[PDB]
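The chain below stands alone and is given in structure tokens; this is the form deposited without ligand ADP.
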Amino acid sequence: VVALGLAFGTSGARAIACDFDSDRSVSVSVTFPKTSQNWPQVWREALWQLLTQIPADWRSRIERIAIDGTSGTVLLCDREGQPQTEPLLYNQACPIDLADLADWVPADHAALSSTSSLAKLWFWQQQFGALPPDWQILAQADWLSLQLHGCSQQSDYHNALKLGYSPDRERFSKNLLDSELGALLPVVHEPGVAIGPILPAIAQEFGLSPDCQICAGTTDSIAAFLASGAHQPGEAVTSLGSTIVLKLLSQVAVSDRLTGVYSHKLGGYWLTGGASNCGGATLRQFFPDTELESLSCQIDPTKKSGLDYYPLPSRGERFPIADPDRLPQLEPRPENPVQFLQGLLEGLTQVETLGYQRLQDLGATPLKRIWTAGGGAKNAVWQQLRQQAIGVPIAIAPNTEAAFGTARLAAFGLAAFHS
């Protein structure tokens, strides 16, 4: 099977078509402008540009397509899918009373956030008088795949979570469905299942097979986890980026109020995780990237530095332990910048260690091994510190592109995530 993944991120989009029988692939990209008066136009146009860059011989062989988009970027559209107002982006918060959402979702549901899709929908309900029942709210991924299969009000249970979906009971609440917002909600499917064939006109225009199937999508974060290929409870992916992001596959759903930990359904399993404010940004505050290698190769991880840093880039921590007034702790300073860097790496290591331990203590499946992504993944000193602290196998993730994760989704769905 040849499959196509399309991944829409915060600053651009990437398409990867993969032939999984020959292990062959092609990857194309588009970069978003940093300003627009019509972002939906930008995204749709990007979709066509991506398709157009894929070689015609690849296009004629693609039989499944899936799309991931940024979590919490949503559009308010009419019955035809035409946006009726500017999108509300993933990072935009709405000034609403979360109490107004209390009867529509469980106690500490993840949708109870000023930046959630549900909050944005209610916000639109405040700004408009009453929202016409024939309208619809669509996540970025939803809207984009709609461009390919034509079926309105269709989403997946990843994107839908922040809209108020409860994947533990595979439903929206009866209270939400019967409310004024109910008519605008999508029908929610499992990521990777076929929603419908490609639109005939789109197939002919782009030289795709008219029997090509468009699948339910996912989020960009989740697609990045799918890229790793990990599918056994206890397997995790650490993203050593500007911030440290942990994702852990678990037999059981876990969550935590103060730290905002929650879980996505992933087949018969659950994907939990957390994001610290600590990360590579802290390192960049003291060392140019060229200097980090020069110094790293001078560190012997087998001997302790004696330093006990908490490597925040600024005030406040959210995970593993929430403290809005948590201070960066970078004292004392050694004379040697090698030793200072070692202390920083030890602190970041402690953040990862404590993170997975916390997740386990919340009930997640005990860590079995770690796949590493991001800028810090190729740092072997840091990897050694992490192995020593955590005591499970750690390696660089084979693949880290959201588009490749989404290609795998298109091709195999979530079948691997069952016993």
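One-based numbering along the sequence shown.
Beyond what is shown, the protein has a form deposited with ligand ADP bound; the following relates to that form.
(request) Have a look at 183, 281, 253, 295 for me and say which one sits with a heavy atom within 4.5 Å of ligand ADP in the entry with it bound. (result) Flagged contact: 281.
(message) Would you classify residue 378 as touching ligand ADP in the entry with it bound, given a 4.5 Å non-hydrogen atom cut-off?
(response) Looking in the entry with it bound, residue contacts with ligand ADP include residue 378, since a heavy atom lies within 4.5 Å.
(message) Quick check on residue 230: any heavy atom within 4.5 Å of ligand ADP in the entry with it bound?
(response) Residue 230: no contact with ligand ADP in the entry with it bound.
(request) Considering only heavy atoms, tell me if residue 240 and ligand ADP come within 4.5 Å of each other in the entry with it bound. (result) It does: once ligand ADP is placed as it appears in the entry with it bound, residue 240 has a heavy atom within 4.5 Å of it.
(message) Quick check on residue 78: any heavy atom within 4.5 Å of ligand ADP in the entry with it bound?
(response) Answer no; every heavy atom of residue 78 is more than 4.5 Å from ligand ADP in the entry with it bound.
(message) Please pick out the stretch from 130-138, 305-313, 319-327, 283-291 that is in contact with ligand ADP in the entry with it bound, where contact means heavy atoms within 4.5 Å.
(response) Result for this chain: 283-291.
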